[PDB]
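Notes follow once the structure below has been shown.
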Amino acid sequence: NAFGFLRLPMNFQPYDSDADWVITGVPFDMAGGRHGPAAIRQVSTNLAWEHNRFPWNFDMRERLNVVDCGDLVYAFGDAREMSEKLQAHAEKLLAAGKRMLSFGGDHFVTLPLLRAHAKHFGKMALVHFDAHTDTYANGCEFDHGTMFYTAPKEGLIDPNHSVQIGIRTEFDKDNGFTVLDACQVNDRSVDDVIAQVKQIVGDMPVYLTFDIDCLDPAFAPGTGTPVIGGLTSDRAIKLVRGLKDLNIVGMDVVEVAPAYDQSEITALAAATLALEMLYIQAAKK
Amino acid sequence: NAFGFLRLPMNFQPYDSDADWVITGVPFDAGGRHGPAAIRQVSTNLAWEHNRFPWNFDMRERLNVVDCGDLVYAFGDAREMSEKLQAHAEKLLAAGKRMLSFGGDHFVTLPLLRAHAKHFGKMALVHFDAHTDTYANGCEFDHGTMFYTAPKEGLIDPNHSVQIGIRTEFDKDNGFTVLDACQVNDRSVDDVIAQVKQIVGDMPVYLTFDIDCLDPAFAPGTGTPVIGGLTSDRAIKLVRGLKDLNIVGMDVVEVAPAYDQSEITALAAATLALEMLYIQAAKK
Amino acid sequence: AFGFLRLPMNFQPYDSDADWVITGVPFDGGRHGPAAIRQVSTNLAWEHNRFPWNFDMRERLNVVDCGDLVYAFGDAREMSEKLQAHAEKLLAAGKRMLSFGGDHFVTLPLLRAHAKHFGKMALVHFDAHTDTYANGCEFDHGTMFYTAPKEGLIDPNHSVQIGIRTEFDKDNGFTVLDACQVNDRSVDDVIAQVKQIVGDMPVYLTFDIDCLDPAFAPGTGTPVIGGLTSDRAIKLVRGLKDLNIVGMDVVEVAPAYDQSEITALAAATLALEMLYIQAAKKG
Amino acid sequence: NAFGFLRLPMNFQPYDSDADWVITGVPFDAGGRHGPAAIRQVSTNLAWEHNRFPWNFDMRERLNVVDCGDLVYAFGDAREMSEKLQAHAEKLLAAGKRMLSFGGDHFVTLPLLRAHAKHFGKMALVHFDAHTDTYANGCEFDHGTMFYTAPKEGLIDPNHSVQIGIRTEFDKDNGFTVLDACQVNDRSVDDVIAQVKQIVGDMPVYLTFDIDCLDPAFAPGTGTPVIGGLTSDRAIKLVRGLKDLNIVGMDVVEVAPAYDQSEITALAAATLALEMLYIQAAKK
Amino acid sequence: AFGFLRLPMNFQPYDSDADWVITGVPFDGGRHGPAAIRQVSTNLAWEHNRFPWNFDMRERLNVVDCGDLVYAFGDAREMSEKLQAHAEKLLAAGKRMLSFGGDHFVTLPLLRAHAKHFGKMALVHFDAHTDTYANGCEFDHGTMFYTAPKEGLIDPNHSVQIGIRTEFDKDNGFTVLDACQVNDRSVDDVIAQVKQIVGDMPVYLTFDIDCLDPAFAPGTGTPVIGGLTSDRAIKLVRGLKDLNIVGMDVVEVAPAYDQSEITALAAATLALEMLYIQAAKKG
Amino acid sequence: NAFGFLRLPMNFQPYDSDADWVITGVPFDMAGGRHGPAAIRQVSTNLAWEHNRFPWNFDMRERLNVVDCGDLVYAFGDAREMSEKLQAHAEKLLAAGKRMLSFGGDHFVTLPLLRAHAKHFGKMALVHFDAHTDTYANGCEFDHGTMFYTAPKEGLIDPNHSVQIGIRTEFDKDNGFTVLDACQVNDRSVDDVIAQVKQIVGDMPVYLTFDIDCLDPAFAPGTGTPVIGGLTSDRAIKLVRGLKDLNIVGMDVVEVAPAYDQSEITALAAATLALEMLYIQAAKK
Ligand SMILES: [Mn+2]
Ligand SMILES: [Mn+2]
Ligand SMILES: [Mn+2]
Ligand SMILES: [Mn+2]
Ligand SMILES: [Mn+2]
Ligand SMILES: [Mn+2]
Ligand SMILES: [Mn+2]
Ligand SMILES: [Mn+2]
Ligand SMILES: [Mn+2]
Ligand SMILES: [Mn+2]
Ligand SMILES: [Mn+2]
Ligand SMILES: [Mn+2]
């Protein structure tokens, strides 16, 4: 109570709660993204004092019952156990009617989530903010750059209605994934880019995943794999806000590595983005 | 002598000096006390330029600026800081001097507004910040309440005031014109300045600049950060675009050196401060 | 596997199958610039094709890193002389130079060696400063582009200075594209004007990292607010492909003032782009 | 559940729990608010040890410890923090629980002393700090005045109290025995502990630990640092040497994470905290 | 001039006039340990005779640095196998090893190679942890000195563990000199007991940097308060001269958590002492 | 006024003031010791609130008129001008009857000071706290490791009554300088070491110079040339305090490089040592 993200209530038995949205922390890397959820929670008090978060004219916590269920408990080193307890957690939540905002953690945390969400929402469109496309063909079982190769192959997402925003590194130009790379995103208007995004997604249900490395290192230095020429936090937030009218079933923010943060501005970016992900959900009501 | 901000002369008895502009540091409340120190130390970066770019003249040739050090007051006592600070300002103003002031908590502006209102009348406030600082029901010494109190005491006129760079909850119905960061970041400097001049009119202006207006990327060293702010480039051009307004006093506040990174925030504040001085000099 | 971008170290590069040689020049807190740049560059090494390129620079050029220049602990005079000798023998053997600072001063020896082998050059200069101070000490950064034209090394009248944010001289023949306008103009616009100024002349490309705004390059000794973004820096560099760049360096990185290695990463990324735009013209 | 300090259970309704010891965080005033957060985050470093060295048993097997989170109070209001904090403590104490408390400003101890005095009588204070915190003429909410006020309100008896690690000006004439850092650093642990036991007697003890007691080399993360302090090794052995005293409550305060370096200070505090728990457990 | 302590790099060290070879083993935030250690070591290089010694180690041993071990980005199994192969071929050619971590796990391959060439060894272990966990993952730091005795690589009964500050097993044959007593006893006292435990057996010297108190070595991934000072660490290492040390490593340095480079400097200084005490016995 | 070190009065015209002791800052390196005096001043407020600085039972500022004259103004790059304006400054102060506590800055700052002091006090005994002996035979004209070679050769100090405390690096064992190296200093009692110091110095006038690198890097990380195995701040302060009965004519603290400081603990060590240097002067009265 008054102890989680944004001073929301902790509830460690959330499956039968009245919550609409459950926040879950997943401290996991396989560096230093393990403390991402702690850092995000700790800095979110910056945001909590606004009754109506700018620029909105209503309070999210009045339109949505959001609870923080803490962090996922699993064997210290084991990633298989992480992955299985994460998908299990996610399935039990979805079956109870709840929706998920999730804090990472390694981006790999997303595969368990997509798997669980796919069972309840069908094949999904992926809106992916990152500097990496994370479609690596031959990597380790738990590599965090291989999950959006594995997800289409397991029929979890449809590349042909997915969009990858802020890319700045080598990628495969023929996946059916539409790559809106940081170069053009930075040189195009937010409206322009949202228009193109909406055209691709359709009315398909969306999973929204945001690796913080998508922001330029100056705006978000606290990440393990930085790439220069990224987005501003102002552009990120405007883009996220522009996704209001999509059918976003679930969402997560990942790769925040507090050990490389500077005066918390990377955790602040994640907490503000996570809150915007909530407000756009509340604004559809 | 050669020891204060920008290697300007220290003068701890400025009231009868032949200085036009007096720099005053006010170390007051986290940890924005070293704001003035940080600003002065980093300012030597700028001092070597004879004509600070992009100006084609030397501010120091057109204006006598002296740095009078920091305001002495009972260490924790805030009611002393205010009375000592207003008195300082009143005596400087009566002697014909003008003030560039370094914070320090943003609250320090309210004493300076009281002092300035007695000498210049009701003012227009040009307010760069991420917060509107109009909180109605707060502690008498809360930093985010100065622009609720000031209109109520008749110091400033909301209806010619403007609040630039806002990124947090505010009050749309109170007379202040709020140019939010979302907007300012998407609009040209000329567009915004035009609008600023429209609202302000011919009226006299007190310019207050809370560094949290700048995005934490450029001003990480602040106590209450908000993402999606202004760049240093935009902040400096906007400030430079107020040349033609009647700016009677000015301050830069909320630099918390504990959270600064490679002295970036203090550099921005000192640069902005210097630009505030050139605006004055380019009219003389 | 051990030098910049996991390239081969070759401490005997004068006779070698390499077409380009990377040389660290630790010199003054920019001693450690070259180390910082190498260490962070592994972030880029894993990309077969460095985005947004369509091929691997490593398959179009043999590039080797011969380490750092050895000179007397404090003697800058030996530093200069051993630096210019180093280049003269590299440039002599039909090998090019990407060099890492280090003090910006390091460019002046390199310009002396380059002028003997390519003639008077156009200077493409990324910096917040113009570095043209006449009445300055013998070994001093800032003064090089007063000395270099008087020694007939570069032609101011085809030289361009990009990102300037500080006091400078308007009447000396250098074209200054200050950070105020560079940030308000399109890259294409600026590149067009660069190409117009330089013409067909061989260019030396020098990049003082303070050109970037301190938010992006905090790790610098002489920082100035209101500079360029890394995005704009990289697009401008990339836009110089069609010019004839004979030599290039990246200087002023100071790790003691770096934050989460972002200055070093910006310099390593720019340096890699300087290599790609070379590889772009040979293939 | 598995979420609080040392991965212990959270329980936000601890008053009727079957817990022996309750951990409470009090975020209050620079920037010692994140003291509790910092302590909890770093504490996982210790949690993996089943028998925390050098003990030959597991504290968690002998004691039910729960973490009840942080004290909620009106954000800036300090008079609320005190009344809410004393009430919290009184209700826990009446229910038979004992308190390990994380600061937070050192001032938080005075409410906890009021609560404890009602349940345990007048106490002996064992006080590790670089400051004596006995300032007579201060603000009602000044951190360095709690051990002037507490004797005057009859909460503690100076004549069985001891102040360990002092490195700054103090008052020799007020009943407290002051073991200065110069002395403690030159004397064996057994020597000092002998003396501590002599002074304290059989009387009940409240153990308060301000982290600035540790030399800034080991606890850089503090707001008022003083050189020539204690090592973490000496601090932990001294604390461990109080096993036989009747310690009724305990706290660790003044961890300012903004000034911490690689989480060293928070680690020391959490380790010391855990040792405070083992002292209790080794008597049960 | 480019490796540790400005020693020569030699990427082909198997046939070389060197008697000792320095090898970085970047492995997991200890990837960057070896770099950090090399970069800071120049602080020591300028001393002809490293204090308090009466001669130059560099004039009694040929020491070279062959860089870092090349292995698959994430495959630790290849890391181990290429590491043990590396050592087996070095130890085979009559060359010794000072190695830099890197994860402490790196020692286990090195112990496998060393045991084949020197037999079962006494372990002199500086760490806050005993690293004897039985029921742990295949590749995991902490478990090595459970695996190493079961594989007959070391003899617990002549092995000593110095600086322990955490849970451990009292009954397994290892002699634990915990940081509580080590800090309360004289170096001579402790060295005497070390010499008594080890006897005439060949020793492998492994130094996990968390042994030092976090105040002295902040840059570590698993820190524990109440550890050793660098002064005491260096005096203890120095006191092992008369023992027969066949191989040595320094591990767990994590720069992401270092403060003003003091952890790296402590490790580079210890490593240099490990070299002097070798040079002490040959001259 | 109330603006210098320890909130003491600034006085930029100190030669004819009533001060006994003048504090002078010398921002100079030839890295990053230039801001040493600023850092020292800024952190000294930590100390200023104690009326009687522990462990003393009197107030220094009651027994001594101490003023801070600011920093020495000279040509930005030129060290010759630094050196000459520094010695000139020092001579004018000494001739006026004033005594000097000086903040560095590069250790080289000491040569101008010794030169000026020698003219007024004669040949001096040097009490030197540092990890380096600074007796380098062949270095640059302004090398900061060569000044205590140059000073005996110019007849400024007598090595045979000088003592070098906390040494941890290669030095020349036959200078007549008595080296009390950190190894033994750390293993010997403070009384023991002071006794030996007093025996060597005699009643000769002492210049006390303290390079902060003498402290172990953990206690004082903010220096350019660190060496491990140094002294604690507690031992440094006790030793300095033990020099009360020597005839210390002048004093300085040098090499504080704020760019490598951690939470100001290096500047705090210098400011506390500098204050102790003042209290021992006041305690003889
Ligand atoms: Mn990414
Ligand atoms: Mn990703
Ligand atoms: Mn604000
Ligand atoms: Mn404000
Ligand atoms: Mn520059
Ligand atoms: Mn330059
Ligand atoms: Mn205290
Ligand atoms: Mn206290
Ligand atoms: Mn360990
Ligand atoms: Mn270990
Ligand atoms: Mn030294
Ligand atoms: Mn020295």
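Chains as they are written, first to last, in PDB author numbering: chain C, 15 to 44, 50 to 304; chain A, 15 to 43, 50 to 304; chain B, 16 to 43, 51 to 305; chain A', 15 to 43, 50 to 304; chain B', 16 to 43, 51 to 305; chain C', 15 to 44, 50 to 304. A prime marks a further copy of an entry chain.
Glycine included, C-beta positions come from ideal geometry on N, C-alpha and C.
In its own chain, which residues sit with a C-beta less than 6 Å from the C-beta of residue i, not counting the 5 before and 5 after it?
i        : result
C/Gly243 : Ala50 and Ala276
A/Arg82  : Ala301 and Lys304
C/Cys202 : none
C/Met79  : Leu297, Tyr298 and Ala301
Please list the terminal residues of the continuous beta strand (DSSP E) segment that includes residue i.
i         : result
B/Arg254  : That residue, B/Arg254, is in no beta strand (DSSP E); its alpha helix (DSSP H) goes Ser252 to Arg260.
A'/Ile186 : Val182 to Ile186
B/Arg60   : B/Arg60 -> not in any beta strand (DSSP E); alpha helix (DSSP H) instead, spanning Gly55 to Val62.
C/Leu20   : Unbroken run through C/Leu20: none, as it is neither H nor E.
C'/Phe122 : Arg118 to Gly123
Based on the DSSP output, what are the partners of residue i in its beta bridges?
i         : result
C'/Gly269 : C'/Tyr226
B'/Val198 : B'/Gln183
CB-CB under 7 Å to residue i, same chain, minus the five flanking residues each way: which ones, in chain order?
i                     : result
C'/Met166             : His126, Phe127, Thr129, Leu130 and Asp153
A'/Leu292             : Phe229, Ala255, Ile256, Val259 and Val272
C'/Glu160             : none
residue 46 of chain C : Structure remark: chain C lacks residues between 44 and 50, so residue 46 of chain C is without coordinates.
A/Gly261              : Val209 and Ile213
In the DSSP assignment, find the unbroken alpha helix (DSSP H) run with residue i in it and report its ends.
i         : result
B/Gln27   : Note, B/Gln27: premise wrong, no alpha helix (DSSP H); not H, not E.
A/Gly39   : Where A/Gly39 is concerned, there is no enclosing alpha helix (DSSP H), although the beta strand (DSSP E) it sits in stretches over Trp35 to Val40.
B/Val209  : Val209 to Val220
C/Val204  : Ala201 to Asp206
B'/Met296 : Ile284 to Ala302
Could you name the residues of the same chain whose beta carbon sits closer than 8 Å to that of residue i, not counting the 5 residues immediately before and after it, in chain order?
i         : result
A/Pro23   : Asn15, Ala16, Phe17, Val86 and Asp87
C'/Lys263 : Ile299, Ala302 and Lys303
B/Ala98   : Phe42, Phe127 and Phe161
B/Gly89   : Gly18, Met24, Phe26, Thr38 and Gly39
### Task
Within the region 128-166 of chain A, note down every full beta strand (DSSP E) run reaching 3 residues or more, in order along the chain.
144-148
### Task
Could you tell me whether the region 203-221 of chain A touches the region 138-154 of chain A, using the rule of 3 or more Cβ pairs below 8 Å?
yes
### In chain order, each beta strand (DSSP E) run of at least 3 residues that lies wholly inside the region 74-112 of chain B
85-90
### Message
Using a Cβ distance threshold of 8 Å, determine whether the region 27-37 of chain C' contacts the region 94-105 of chain B', with at least three qualifying pairs required.
### Response
no
### Query
Taking three-plus beta-carbon pairs below 8 Å as touching, is the region 52-67 of chain C in contact with the region 277-289 of chain C?
yes
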